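Asker: I am sharing structure-v7.csv, which consists of CSV, C-alpha atoms and all ligand atoms:
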chain,number,residue,atom,x,y,z
M,1,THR,CA,4.8,162.0,49.4
M,2,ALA,CA,8.0,159.9,48.9
M,3,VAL,CA,6.7,157.3,51.3
M,4,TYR,CA,3.6,157.0,49.2
M,5,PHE,CA,5.8,156.4,46.1
M,6,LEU,CA,7.6,153.8,48.2
M,7,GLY,CA,4.2,152.3,48.7
M,8,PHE,CA,3.6,152.4,44.9
M,9,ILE,CA,6.7,150.5,43.7
M,10,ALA,CA,6.3,147.7,46.3
M,11,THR,CA,2.8,146.7,45.2
M,12,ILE,CA,3.7,146.3,41.5
M,13,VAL,CA,6.8,144.3,42.4
M,14,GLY,CA,4.6,142.4,44.8
M,15,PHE,CA,2.3,141.6,42.0
M,16,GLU,CA,5.1,140.2,40.0
M,17,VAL,CA,6.6,138.0,42.8
M,18,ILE,CA,3.4,136.2,43.5
M,19,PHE,CA,3.1,135.4,39.7
M,20,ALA,CA,6.7,134.0,39.7
M,21,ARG,CA,6.0,132.0,42.8
M,22,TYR,CA,2.8,130.8,41.1
M,23,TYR,CA,4.9,129.7,38.2
M,24,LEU,CA,7.3,127.6,40.3
M,25,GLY,CA,5.0,125.2,42.2
M,26,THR,CA,2.2,126.6,44.3
M,27,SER,CA,-1.5,126.0,43.9
M,28,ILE,CA,-4.2,128.5,43.1
M,29,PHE,CA,-5.8,129.4,46.4
M,30,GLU,CA,-2.6,130.5,48.0
M,31,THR,CA,-1.9,132.7,45.0
M,32,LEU,CA,-5.4,134.2,45.2
M,33,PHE,CA,-5.4,134.8,49.0
M,34,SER,CA,-1.9,136.3,48.9
M,35,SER,CA,-3.2,138.5,46.1
M,36,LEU,CA,-6.1,139.7,48.3
M,37,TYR,CA,-4.1,140.5,51.4
M,38,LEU,CA,-1.5,142.3,49.2
M,39,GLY,CA,-4.3,143.5,47.0
M,40,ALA,CA,-6.3,145.9,49.1
M,41,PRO,CA,-3.7,148.2,50.9
M,42,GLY,CA,-1.9,148.7,47.6
M,43,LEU,CA,-5.2,149.7,46.0
M,44,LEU,CA,-5.8,152.4,48.7
M,45,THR,CA,-2.1,153.6,48.8
M,46,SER,CA,-1.6,153.6,45.0
M,47,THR,CA,-4.8,155.5,44.4
M,48,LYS,CA,-3.8,158.1,46.9
M,49,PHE,CA,-0.4,158.4,45.3
M,50,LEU,CA,-1.7,159.0,41.8
M,51,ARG,CA,-4.1,161.5,43.3
M,52,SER,CA,-1.4,163.2,45.3
M,53,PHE,CA,1.3,163.6,42.5
M,54,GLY,CA,-1.2,164.4,39.8
M,55,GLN,CA,-0.7,167.4,37.6
M,56,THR,CA,2.8,166.5,36.2
M,57,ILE,CA,1.8,163.4,34.3
I,1,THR,CA,-30.6,104.8,89.7
I,2,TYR,CA,-33.6,104.2,87.5
I,3,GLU,CA,-36.1,104.5,90.3
I,4,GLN,CA,-35.0,107.9,91.5
I,5,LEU,CA,-35.5,109.3,88.0
I,6,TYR,CA,-38.7,107.3,87.5
I,7,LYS,CA,-40.4,108.6,90.6
I,8,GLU,CA,-39.0,112.0,89.9
I,9,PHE,CA,-40.7,111.9,86.5
I,10,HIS,CA,-44.2,111.4,87.8
I,11,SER,CA,-43.7,113.9,90.6
I,12,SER,CA,-43.4,116.8,88.2
I,13,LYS,CA,-45.7,119.1,86.2
I,14,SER,CA,-46.0,119.6,82.4
I,15,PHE,CA,-44.2,122.1,80.1
I,16,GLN,CA,-45.6,125.5,79.3
I,17,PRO,CA,-44.1,127.2,76.3
I,18,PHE,CA,-43.1,130.8,76.2
I,19,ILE,CA,-45.1,131.8,73.1
I,20,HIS,CA,-47.7,129.5,71.6
I,21,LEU,CA,-47.0,128.2,68.1
I,22,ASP,CA,-50.1,129.6,66.4
I,23,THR,CA,-49.3,133.2,67.4
I,24,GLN,CA,-45.9,133.5,65.7
I,25,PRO,CA,-47.1,134.3,62.1
I,26,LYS,CA,-48.5,137.6,63.5
I,27,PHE,CA,-45.2,138.6,65.1
I,28,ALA,CA,-43.4,137.7,61.9
I,29,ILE,CA,-45.2,140.2,59.6
I,30,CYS,CA,-45.4,142.6,62.6
I,31,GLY,CA,-41.6,142.5,62.8
I,32,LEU,CA,-40.7,142.5,59.1
I,33,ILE,CA,-42.3,146.0,58.6
I,34,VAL,CA,-40.5,147.6,61.6
I,35,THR,CA,-37.1,146.2,60.7
I,36,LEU,CA,-37.4,147.4,57.1
I,37,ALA,CA,-38.4,150.9,58.3
I,38,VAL,CA,-35.6,151.3,60.8
I,39,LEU,CA,-32.9,149.7,58.7
I,40,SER,CA,-34.0,151.6,55.6
I,41,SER,CA,-33.8,154.9,57.5
I,42,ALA,CA,-30.4,153.7,58.7
I,43,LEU,CA,-28.9,153.2,55.2
I,44,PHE,CA,-30.7,156.4,54.0
I,45,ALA,CA,-28.6,158.7,56.3
I,46,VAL,CA,-25.3,157.6,54.8
I,47,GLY,CA,-25.6,160.5,52.3
I,48,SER,CA,-23.8,163.8,52.2
I,49,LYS,CA,-24.5,165.5,55.5
I,50,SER,CA,-20.7,166.4,55.5
I,51,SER,CA,-20.7,165.9,59.3
I,52,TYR,CA,-18.8,162.7,60.1
I,53,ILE,CA,-19.4,162.4,63.9
I,54,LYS,CA,-23.2,162.7,63.9
I,55,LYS,CA,-23.4,160.5,60.8
I,56,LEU,CA,-21.5,157.7,62.6
I,57,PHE,CA,-23.6,158.3,65.7
I,58,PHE,CA,-27.0,158.1,64.0
I,59,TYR,CA,-26.0,155.2,61.7
I,60,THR,CA,-24.6,153.2,64.6
I,61,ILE,CA,-27.7,153.6,66.8
I,62,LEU,CA,-30.2,152.8,64.0
I,63,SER,CA,-28.1,149.8,63.0
I,64,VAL,CA,-28.3,148.5,66.5
I,65,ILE,CA,-32.1,148.8,66.6
I,66,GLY,CA,-32.4,147.2,63.2
I,67,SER,CA,-30.2,144.3,64.1
I,68,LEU,CA,-32.0,143.5,67.3
I,69,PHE,CA,-35.3,143.4,65.5
I,70,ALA,CA,-34.0,141.4,62.5
I,71,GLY,CA,-32.9,138.6,64.9
I,72,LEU,CA,-36.4,138.1,66.4
I,73,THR,CA,-37.8,138.6,62.9
I,74,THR,CA,-35.9,135.6,61.5
I,75,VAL,CA,-36.5,133.4,64.6
I,76,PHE,CA,-40.2,133.8,64.5
I,77,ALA,CA,-40.2,133.7,60.7
I,78,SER,CA,-38.4,130.4,60.6
I,79,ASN,CA,-40.7,128.4,62.9
I,80,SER,CA,-43.8,129.0,60.7
I,81,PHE,CA,-42.4,127.4,57.6
I,82,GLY,CA,-41.6,124.0,59.0
I,83,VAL,CA,-37.9,124.2,59.9
I,84,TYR,CA,-37.5,124.5,63.7
X,1,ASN,CA,-30.5,91.9,69.4
X,2,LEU,CA,-33.9,93.2,70.7
X,3,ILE,CA,-37.4,92.4,69.6
X,4,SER,CA,-40.6,94.4,68.8
X,5,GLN,CA,-43.2,94.1,71.6
X,6,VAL,CA,-41.2,92.6,74.4
X,7,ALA,CA,-38.4,95.3,74.7
X,8,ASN,CA,-40.1,98.7,74.2
X,9,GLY,CA,-39.2,100.6,77.5
X,10,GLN,CA,-38.4,104.2,78.0
X,11,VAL,CA,-35.1,106.1,78.3
X,12,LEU,CA,-34.5,108.9,80.8
X,13,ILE,CA,-32.2,111.9,80.4
X,14,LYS,CA,-31.9,114.7,83.0
X,15,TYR,CA,-30.5,118.0,81.9
X,16,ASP,CA,-30.4,121.7,82.7
X,17,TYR,CA,-31.0,124.7,80.4
X,18,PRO,CA,-30.5,128.2,81.9
X,19,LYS,CA,-32.5,131.3,81.0
X,20,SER,CA,-29.1,132.8,79.9
X,21,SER,CA,-28.6,130.5,76.9
X,22,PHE,CA,-32.3,130.6,76.0
X,23,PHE,CA,-31.9,134.1,74.6
X,24,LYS,CA,-28.6,133.6,72.8
X,25,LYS,CA,-30.0,132.6,69.4
X,26,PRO,CA,-31.5,136.0,68.3
X,27,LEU,CA,-28.4,137.8,69.7
X,28,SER,CA,-26.2,135.6,67.5
X,29,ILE,CA,-28.2,136.4,64.4
X,30,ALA,CA,-28.3,140.1,65.5
X,31,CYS,CA,-24.5,140.2,66.0
X,32,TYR,CA,-23.9,138.9,62.5
X,33,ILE,CA,-26.3,141.5,61.0
X,34,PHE,CA,-24.6,144.3,63.0
X,35,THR,CA,-21.2,143.2,62.0
X,36,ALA,CA,-22.5,143.1,58.4
X,37,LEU,CA,-23.7,146.7,58.3
X,38,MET,CA,-20.4,148.2,59.4
X,39,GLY,CA,-18.6,146.8,56.3
X,40,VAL,CA,-21.0,148.7,54.1
X,41,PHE,CA,-20.4,151.8,56.2
X,42,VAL,CA,-16.6,151.6,55.9
X,43,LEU,CA,-16.7,150.5,52.2
X,44,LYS,CA,-19.1,153.3,51.3
X,45,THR,CA,-17.2,156.2,53.0
X,46,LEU,CA,-13.6,155.9,51.7
X,47,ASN,CA,-11.8,157.8,49.0
X,48,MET,CA,-11.1,156.0,45.7
X,49,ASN,CA,-10.9,158.9,43.2
X,50,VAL,CA,-7.7,159.2,41.2
X,51,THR,CA,-8.3,162.8,40.1
X,52,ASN,CA,-8.1,165.7,42.4
O,101,LIG,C1,-17.2,131.2,40.4
O,101,LIG,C2,-16.4,130.1,39.6
O,101,LIG,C3,-15.9,130.7,38.2
O,101,LIG,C4,-15.8,129.5,37.2
O,101,LIG,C5,-14.9,129.9,36.0
O,101,LIG,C6,-14.5,128.5,35.3
O,101,LIG,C7,-13.5,127.8,36.2
O,101,LIG,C8,-13.0,126.5,35.5
O,101,LIG,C9,-12.0,126.9,34.4
O,101,LIG,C10,-10.6,126.1,34.6
O,101,LIG,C11,-10.2,125.5,33.3
O,101,LIG,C12,-9.1,124.4,33.6
O,101,LIG,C13,-7.7,125.0,33.9
O,101,LIG,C14,-6.8,123.9,34.5
O,101,LIG,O1,-6.9,122.8,34.2
O,101,LIG,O2,-5.7,124.3,35.4
O,101,LIG,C15,-6.1,124.6,36.8
O,101,LIG,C16,-6.0,126.1,37.0
O,101,LIG,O3,-7.3,126.5,37.4
O,101,LIG,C17,-7.5,127.9,37.1
O,101,LIG,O4,-7.3,128.7,38.0
O,101,LIG,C18,-7.9,128.4,35.7
O,101,LIG,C19,-7.4,129.9,35.5
O,101,LIG,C20,-7.8,130.4,34.1
O,101,LIG,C21,-7.2,131.8,33.9
O,101,LIG,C22,-7.9,132.9,34.8
O,101,LIG,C23,-8.0,134.2,34.0
O,101,LIG,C24,-8.7,135.3,34.9
O,101,LIG,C25,-7.7,136.4,35.4
O,101,LIG,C26,-7.6,136.4,36.9
O,101,LIG,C27,-6.8,137.6,37.4
O,101,LIG,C28,-5.2,123.8,37.7
O,101,LIG,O5,-4.4,124.7,38.5
O,101,LIG,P1,-3.3,124.0,39.6
O,101,LIG,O6,-2.8,122.7,39.0
O,101,LIG,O7,-4.1,123.7,40.9
O,101,LIG,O8,-2.0,124.9,39.9
O,101,LIG,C29,-0.7,124.4,39.6
O,101,LIG,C30,-0.3,125.1,38.3
O,101,LIG,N1,1.2,125.1,38.1
O,101,LIG,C31,1.5,126.0,37.0
O,101,LIG,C32,1.8,125.7,39.3
O,101,LIG,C33,1.7,123.8,37.9
O,102,LIG,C1,-36.9,137.7,57.0
O,102,LIG,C2,-36.8,136.1,56.9
O,102,LIG,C3,-35.4,135.6,56.9
O,102,LIG,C4,-35.2,134.4,55.9
O,102,LIG,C5,-36.2,133.3,56.3
O,102,LIG,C6,-35.4,132.0,56.5
O,102,LIG,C7,-36.1,130.8,55.7
O,102,LIG,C8,-36.1,129.5,56.5
O,102,LIG,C9,-35.6,128.4,55.6
O,102,LIG,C10,-34.1,128.1,55.8
O,102,LIG,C11,-33.5,127.0,54.9
O,102,LIG,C12,-34.4,125.7,55.2
O,102,LIG,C13,-34.0,124.7,54.1
O,102,LIG,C14,-34.7,123.3,54.2
O,102,LIG,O1,-34.1,122.3,54.0
O,102,LIG,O2,-36.0,123.2,54.7
O,102,LIG,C15,-36.7,122.1,54.4
O,102,LIG,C16,-38.2,122.4,54.2
O,102,LIG,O3,-38.4,123.3,53.1
O,102,LIG,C17,-39.0,124.5,53.4
O,102,LIG,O4,-40.1,124.5,53.8
O,102,LIG,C18,-38.3,125.8,53.1
O,102,LIG,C19,-39.3,126.9,52.5
O,102,LIG,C20,-38.7,128.2,52.8
O,102,LIG,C21,-39.4,129.3,52.0
O,102,LIG,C22,-38.5,130.5,51.8
O,102,LIG,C23,-39.3,131.7,51.3
O,102,LIG,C24,-38.3,132.8,50.6
O,102,LIG,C25,-37.3,133.3,51.7
O,102,LIG,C26,-36.2,134.1,51.0
O,102,LIG,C27,-35.9,135.4,51.9
O,102,LIG,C28,-36.6,121.1,55.5
O,102,LIG,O5,-35.8,120.0,55.1
O,102,LIG,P1,-35.0,119.2,56.3
O,102,LIG,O6,-33.8,119.9,56.7
O,102,LIG,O7,-34.8,117.8,55.9
O,102,LIG,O8,-36.1,119.1,57.7
O,102,LIG,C29,-36.0,118.0,58.5
O,102,LIG,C30,-34.6,117.8,59.1
O,102,LIG,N1,-34.5,118.3,60.5
O,102,LIG,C31,-33.1,118.3,60.9
O,102,LIG,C32,-35.0,119.6,60.8
O,102,LIG,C33,-35.2,117.3,61.3
O,103,LIG,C1,-37.2,138.5,47.8
O,103,LIG,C2,-38.7,138.0,47.6
O,103,LIG,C3,-38.7,136.5,47.5
O,103,LIG,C4,-40.2,136.0,47.6
O,103,LIG,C5,-40.3,134.6,47.1
O,103,LIG,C6,-41.8,134.2,46.9
O,103,LIG,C7,-42.0,132.7,47.0
O,103,LIG,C8,-43.5,132.3,46.9
O,103,LIG,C9,-43.6,130.8,47.1
O,103,LIG,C10,-43.2,130.5,48.6
O,103,LIG,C11,-43.4,129.0,48.9
O,103,LIG,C12,-44.2,128.8,50.2
O,103,LIG,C13,-43.4,128.2,51.3
O,103,LIG,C14,-44.3,127.3,52.2
O,103,LIG,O1,-44.5,126.2,52.0
O,103,LIG,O2,-45.0,127.9,53.3
O,103,LIG,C15,-46.1,127.2,53.8
O,103,LIG,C16,-47.1,128.3,54.4
O,103,LIG,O3,-46.3,129.2,55.2
O,103,LIG,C17,-47.0,130.1,56.0
O,103,LIG,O4,-47.7,129.7,56.8
O,103,LIG,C18,-46.9,131.6,55.8
O,103,LIG,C19,-45.9,132.2,56.9
O,103,LIG,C20,-45.3,133.5,56.3
O,103,LIG,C21,-44.6,134.2,57.4
O,103,LIG,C22,-44.0,135.6,56.9
O,103,LIG,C23,-42.5,135.4,56.7
O,103,LIG,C24,-41.9,136.7,56.0
O,103,LIG,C25,-40.4,136.7,55.9
O,103,LIG,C26,-40.0,135.9,54.6
O,103,LIG,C27,-38.8,136.7,53.9
O,103,LIG,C28,-45.7,126.4,55.0
O,103,LIG,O5,-46.8,126.1,55.8
O,103,LIG,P1,-47.2,124.5,56.0
O,103,LIG,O6,-46.9,123.7,54.8
O,103,LIG,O7,-48.6,124.4,56.4
O,103,LIG,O8,-46.2,123.9,57.3
O,103,LIG,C29,-46.9,123.6,58.5
O,103,LIG,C30,-46.0,124.0,59.7
O,103,LIG,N1,-46.7,124.5,60.8
O,103,LIG,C31,-45.8,124.8,61.9
O,103,LIG,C32,-47.5,125.7,60.5
O,103,LIG,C33,-47.7,123.4,61.3
O,104,LIG,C1,-11.3,144.1,36.6
O,104,LIG,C2,-11.7,145.1,37.7
O,104,LIG,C3,-10.7,145.1,38.9
O,104,LIG,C4,-10.5,146.5,39.4
O,104,LIG,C5,-9.9,146.5,40.9
O,104,LIG,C6,-10.0,148.0,41.4
O,104,LIG,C7,-11.5,148.3,41.7
O,104,LIG,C8,-11.7,149.9,41.7
O,104,LIG,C9,-13.3,150.2,41.8
O,104,LIG,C10,-13.5,151.7,41.6
O,104,LIG,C11,-15.0,152.0,42.0
O,104,LIG,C12,-15.5,153.3,41.2
O,104,LIG,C13,-15.0,154.6,41.9
O,104,LIG,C14,-14.1,155.3,41.0
O,104,LIG,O1,-14.5,156.1,40.1
O,104,LIG,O2,-12.7,155.1,41.1
O,104,LIG,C15,-12.0,155.0,39.8
O,104,LIG,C16,-11.0,153.9,39.9
O,104,LIG,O3,-10.1,154.0,38.8
O,104,LIG,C17,-9.3,152.8,38.6
O,104,LIG,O4,-9.7,152.0,37.9
O,104,LIG,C18,-7.9,152.7,39.3
O,104,LIG,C19,-8.0,151.4,40.2
O,104,LIG,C20,-6.6,150.7,40.2
O,104,LIG,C21,-5.7,151.5,41.2
O,104,LIG,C22,-4.2,151.4,40.7
O,104,LIG,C23,-3.4,150.4,41.6
O,104,LIG,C24,-3.2,149.1,40.8
O,104,LIG,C25,-4.3,148.1,41.2
O,104,LIG,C26,-3.6,146.7,41.5
O,104,LIG,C27,-3.4,145.9,40.2
O,104,LIG,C28,-11.3,156.3,39.5
O,104,LIG,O5,-12.1,157.1,38.7
O,104,LIG,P1,-12.4,158.6,39.1
O,104,LIG,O6,-11.3,159.2,39.9
O,104,LIG,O7,-13.7,158.6,39.9
O,104,LIG,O8,-12.7,159.6,37.8
O,104,LIG,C29,-12.6,161.0,37.9
O,104,LIG,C30,-13.7,161.5,39.0
O,104,LIG,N1,-15.0,161.7,38.5
O,104,LIG,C31,-15.7,162.6,39.5
O,104,LIG,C32,-15.1,162.4,37.2
O,104,LIG,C33,-15.8,160.4,38.4
Step by step, read the file and then write its structure as structure tokens.

Answerer:
Amino acid sequence: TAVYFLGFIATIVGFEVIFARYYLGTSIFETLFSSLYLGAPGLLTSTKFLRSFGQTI
Amino acid sequence: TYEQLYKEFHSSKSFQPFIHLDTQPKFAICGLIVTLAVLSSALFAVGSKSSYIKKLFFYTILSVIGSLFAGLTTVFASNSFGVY
Amino acid sequence: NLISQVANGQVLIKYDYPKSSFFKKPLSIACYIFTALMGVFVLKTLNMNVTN
């Protein structure tokens, strides 16, 4: 479960990069579609990491 | 060019439809019951059988039957409102 | 430039229409319904709990 943690950092950093790239010059629908395609696998992976690690939080 | 088509037009017979237009509002309500029964029993078996293979099996088969009756249901059910 | 009762005429089109494509309309609706049920099957049976 270190690869799941590796899949947990990358989605939060990924949800900051598309906000910065939104701040520079892009329109809305590219931000929103990129947020969907990044949005779903990070949901499944991050949920399974918080379930896996668990008791020491 | 015009004469071959024009003598080929009177040499033919008329057009017989597949199902007459005044019959279709019986098949509409006679389809809408069956597709609700089959599709309702399809989404009903998604509960906790805790057996993955037979649940995918039964759900796929009853979804196939429900789809192929919903198609004919909406085709006959659209010609009796006035949008062909 | 054509007038009411002196240029009425007909127009003739010849075409073909097989028995194959006569039955493709309810199979098109039926394939969209069938590919709509499987999303509810995959979306419904998938783990989203955060506790154990
Ligand atoms: C089903 C439809 C729902 C209807 C809801 C109401 C929709 C209308 C409200 C919009 C109000 C006007 C806002 C506005 O004028 O700006 C719009 C930006 O347009 C927007 O996206 C407004 C975003 C408002 C904040 C959203 C908060 C929700 C949190 C989402 C995670 C223009 O965006 P753009 O100019 O296209 O993007 C360029 C922006 N740069 C910073 C890159 C320059
Ligand atoms: C299980 C059944 C599946 C769903 C059934 C599908 C319903 C069929 C209606 C689809 C949408 C039609 C919308 C519509 O514009 O219809 C109106 C004429 O207006 C009408 O008569 C529409 C009345 C429809 C009543 C709907 C009842 C509620 C159905 C919700 C499930 C006709 O307008 P026009 O499009 O201008 O017709 C002439 C133009 N032609 C190109 C055809 C020459
Ligand atoms: C989710 C629940 C939503 C329910 C919403 C309830 C809305 C109630 C009001 C509906 C408005 C009526 C629509 C309507 O105008 O229908 C009438 C008369 O139509 C008929 O002849 C009845 C045919 C019914 C067929 C059954 C279809 C069931 C599937 C629908 C979901 C059209 O018939 P006519 O106006 O006579 O058009 C003549 C066309 N011929 C081909 C017959 C010549
Ligand atoms: C504004 C709304 C947008 C939300 C987008 C996510 C949508 C999730 C929808 C969840 C559907 C409900 C199912 C569910 O309960 O899952 C939640 C789910 O708990 C959560 O909320 C965590 C979801 C976020 C995952 C973390 C990754 C970060 C997401 C990207 C920003 C976890 O709660 P449970 O694990 O079920 O609680 C304990 C178990 N009981 C048996 C007691 C119920």

Asker: Using only C-alpha atoms and a cut-off of 7 Å, which residues of chain X sit close to chain I? Please list them as number ranges by chain.

Answerer: X: 26-27, 29-30, 33-34

Asker: Given all atoms listed in the file as the basis, pick out the residue of M:5, M:29, M:23, M:15 nearest to ligand LIG 104 (chain O).

Answerer: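 Ranked by minimum distance to ligand LIG 104 (chain O), first place goes to M:15.
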
Asker: Tell me as a PyMOL selection string which residues belonging to chain M come within 10 Å of chain X, counting all atoms listed in the file.

Answerer: chain M and resi 43-55

Asker: Under the rule that all atoms listed in the file are counted, which of I:12, I:1, I:50, I:35 is the nearest residue to ligand LIG 102 (chain O)?

Answerer: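 Going through I:12, I:1, I:50, I:35 one by one, the smallest distance to ligand LIG 102 (chain O) is for I:35.
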
Asker: Please return, as a PDB file with C-alpha atoms, in the frame of the given file, all polymer residues that have at least one atom within 9 Å of the point (-0.2, 148.7, 47.0); use all atoms listed in the file and the file's own coordinate frame.

Answerer:
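File written: selection.pdb
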ATOM      1  CA  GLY M   7       4.200 152.300  48.700  1.00  0.00           C
ATOM      2  CA  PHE M   8       3.600 152.400  44.900  1.00  0.00           C
ATOM      3  CA  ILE M   9       6.700 150.500  43.700  1.00  0.00           C
ATOM      4  CA  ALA M  10       6.300 147.700  46.300  1.00  0.00           C
ATOM      5  CA  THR M  11       2.800 146.700  45.200  1.00  0.00           C
ATOM      6  CA  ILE M  12       3.700 146.300  41.500  1.00  0.00           C
ATOM      7  CA  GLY M  14       4.600 142.400  44.800  1.00  0.00           C
ATOM      8  CA  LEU M  38      -1.500 142.300  49.200  1.00  0.00           C
ATOM      9  CA  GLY M  39      -4.300 143.500  47.000  1.00  0.00           C
ATOM     10  CA  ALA M  40      -6.300 145.900  49.100  1.00  0.00           C
ATOM     11  CA  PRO M  41      -3.700 148.200  50.900  1.00  0.00           C
ATOM     12  CA  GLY M  42      -1.900 148.700  47.600  1.00  0.00           C
ATOM     13  CA  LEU M  43      -5.200 149.700  46.000  1.00  0.00           C
ATOM     14  CA  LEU M  44      -5.800 152.400  48.700  1.00  0.00           C
ATOM     15  CA  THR M  45      -2.100 153.600  48.800  1.00  0.00           C
ATOM     16  CA  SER M  46      -1.600 153.600  45.000  1.00  0.00           C
ATOM     17  CA  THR M  47      -4.800 155.500  44.400  1.00  0.00           C
TER      18      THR M  47
END

Asker: Got a sec to check which residues lie within 10 Å of ligand LIG 103 (chain O), using all atoms listed in the file, and send them as an MDAnalysis selection string?

Answerer: chainID I and resid 21:22 24:33 73:74 76:84

Asker: As a quick test: using only C-alpha atoms and all ligand atoms, which residues lie no more than 10 Å away from ligand LIG 101 (chain O)? Give them as a CSV table (one decimal) with C-alpha atoms, in the coordinates of the input.

Answerer:
chain,number,residue,atom,x,y,z
M,19,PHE,CA,3.1,135.4,39.7
M,20,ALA,CA,6.7,134.0,39.7
M,21,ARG,CA,6.0,132.0,42.8
M,22,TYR,CA,2.8,130.8,41.1
M,23,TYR,CA,4.9,129.7,38.2
M,24,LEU,CA,7.3,127.6,40.3
M,25,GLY,CA,5.0,125.2,42.2
M,26,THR,CA,2.2,126.6,44.3
M,27,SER,CA,-1.5,126.0,43.9
M,28,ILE,CA,-4.2,128.5,43.1
M,29,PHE,CA,-5.8,129.4,46.4
M,30,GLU,CA,-2.6,130.5,48.0
M,31,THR,CA,-1.9,132.7,45.0
M,32,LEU,CA,-5.4,134.2,45.2
M,35,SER,CA,-3.2,138.5,46.1

Asker: Nearest to ligand LIG 104 (chain O): which of X:20, X:10, X:45, X:35 is it, counting only C-alpha atoms and all ligand atoms?

Answerer: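 The shortest atom-to-atom distance to ligand LIG 104 (chain O) comes from X:45.
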
Asker: What gap, in Å, lies between atom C16 of ligand LIG 104 (chain O) and CA of residue 13 in chain M?

Answerer: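 Value for the atom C16 of ligand LIG 104 (chain O)-CA of residue 13 in chain M distance: 20.4 Å.
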
Asker: Could you tell me how far CA of residue 14 in chain X lies from atom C28 of ligand LIG 102 (chain O), in Å and to one decimal?

Answerer: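 Distance between the two atoms: 28.6 Å.
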
Asker: Could you state the separation of atom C6 of ligand LIG 102 (chain O) and CA of residue 19 in chain X in Å, given to one decimal place?

Answerer: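 CA of residue 19 in chain X lies at a distance of 24.7 Å from atom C6 of ligand LIG 102 (chain O).
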
Asker: Hey, which of M:33, M:16, M:57, M:3 ends up closest to ligand LIG 104 (chain O)? Count all atoms listed in the file.

Answerer: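 Looking at the shortest contact to ligand LIG 104 (chain O), the residue is M:16.
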
Asker: Could the centre and edge lengths of an axis-aligned box, enclosing all atoms of range 15-22 of chain M in the file with 8 Å extra on each side, be given in Å to one decimal as lines of an AutoDock Vina configuration file?

Answerer:
center_x = 4.5
center_y = 136.2
center_z = 41.6
size_x = 20.4
size_y = 26.8
size_z = 19.8
